[PDB]
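What follows is a single chain, given as structure tokens, in the form deposited in one PDB entry.
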């Protein structure tokens, strides 16, 4: 009468965020900040880290790469849907990884980061406080993370920073890796511009050891 029923189509589970993470998300989504572009660097850094994980695993067991051995990153603007997406074919996240690493496990630097912000600290230091992912809310009102790890099924994590996130699964599903889609806020449409993205990618990617392909629309 669940996943095994002939008529089953999918399931969505709702989770609350760890208290400080919720506080941080409310702070980020509502704050005024004049250098919001740093969100892109955080997305690319996470893609790179995920590619490193599978790359090193592949040195002992090449079979982990399956049919996608060429590790790379894609940046996908979508003017029609008002979304910016960052895709990788890195290690991917299991259902547990999504629930644990994206909202429920406490990050020791969460409190210190919010305290730093009030004291005149730099929002660009977000990554150094171990909460880089949440910078997406500087430019987006909704974030959708689709991920597939070799040891699990594909799942979709989603949140509009309202105190909860969802985890969605379907019987059929996404190759290994992660796709992070940001639904941009009304005044953040510049991150859909090819020129703005090309320069921003070049700005914080001389150190990234993977090809970063900017997908052109129209």
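For clarity, a rigid core is taken as the largest C-alpha set superposing within 1.5 Å between two forms. Numbering follows the first chain given and starts at 1.
This next part talks about the form deposited in another entry, which is not shown.
After superposition on the rigid core, the C-alpha displacement between this form and the one not shown reaches 2 Å or more for just one residue among 102, 143, 93, 138, namely 102.
Residue 76: CA moves less than 2 Å between this form and the one not shown after rigid-core fitting. In the other form, the CA atoms of residue 104 and residue 137 move apart by 3 angstroms or more relative to this form. Compared with the form shown here, the Cα atoms of residue 106 and residue 88 sit 3 Å or more closer together in the other form.
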